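> Following this: a sequence and the matching experimental structure.
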Amino acid sequence: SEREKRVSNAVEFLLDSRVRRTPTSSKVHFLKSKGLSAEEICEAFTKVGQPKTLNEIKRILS
Ligand SMILES: COc1ccc(CN2CCc3c(c(C(=O)NCc4ccc(SC)cc4)nn3CCN)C2)c2ccccc12
Ligand code: NA
């Protein structure tokens, strides 16, 4: 599915060593700009073992 593709692409991005050391805020605003919802961003962070609360993701984006 395209939601699965968005989340899969996000996961691979969040694993990259250069991206791990980039702040959470920057990565959340960036992934929103790539067309992910807050929920999809949240799922990607959890899948890579860097879980965030959905609240944190929505607070960054708002
Ligand atoms: C905020 O910090 C940053 C932003 C952007 C970059 C630049 N990256 C260049 C290489 C690159 C990038 C992506 C990428 O954006 N992947 C996510 C994605 C999500 C959704 C869909 S839509 C299905 C497509 C893709 N995939 N590649 C190449 C191998 N993965 C982004 C940074 C580079 C270093 C450090 C911090 C960064
Ligand atoms: Na941050």
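Received the coordinates, thanks. Residues are numbered from 1 along each chain as shown. Ligands and ions are numbered 1, 2, ... in the order given.
> how about the residues of this structure that lie near ligand 1?
Along the chain, the residues adjacent to ligand 1 under the rule CB under 6 Å from any ligand atom are 5-6, 9-10, 12-13, 18-19, 22, 26-27, 30, 34-35. (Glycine included, C-beta is placed from N, CA and C.)
> And the residues you listed, which is closest to ligand 2?
Taking CB to the ion as the measure, residue 26 is the one of the residues of the chain next to ligand 1 closest to ligand 2, at 6.7 Å.
> What's the local residue count around that closest one?
11 (other CB atoms under 10 Å).
> Setting the sequence-adjacent residues aside, check what's closest to the residue positioned nearest the centre of the chain.
Geometric centre of the chain, nearest residue: residue 41, 3.5 Å, by CA atoms, centre = their mean. Among residues not flanking residue 41 along the chain, residue 31 sits closest, at 4.8 Å (CB to CB, 6 or more residues apart in numbering).
> ok so, going back, I'd like the residues of the chain next to ligand 1 as JSON lines, with distance to residue 60 and secondary structure appended.
Shown next, in JSON lines, are these (distance: CB to CB, whole Å; DSSP: H, G, I helix; E, B strand; the rest coil):
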{"residue": "5", "distance to residue 60": "23", "secondary structure": "helix"}
{"residue": "6", "distance to residue 60": "18", "secondary structure": "helix"}
{"residue": "9", "distance to residue 60": "19", "secondary structure": "helix"}
{"residue": "10", "distance to residue 60": "15", "secondary structure": "helix"}
{"residue": "12", "distance to residue 60": "21", "secondary structure": "helix"}
{"residue": "13", "distance to residue 60": "16", "secondary structure": "helix"}
{"residue": "18", "distance to residue 60": "20", "secondary structure": "helix"}
{"residue": "19", "distance to residue 60": "16", "secondary structure": "helix"}
{"residue": "22", "distance to residue 60": "13", "secondary structure": "coil"}
{"residue": "26", "distance to residue 60": "9", "secondary structure": "helix"}
{"residue": "27", "distance to residue 60": "9", "secondary structure": "helix"}
{"residue": "30", "distance to residue 60": "11", "secondary structure": "helix"}
{"residue": "34", "distance to residue 60": "15", "secondary structure": "coil"}
{"residue": "35", "distance to residue 60": "16", "secondary structure": "coil"}
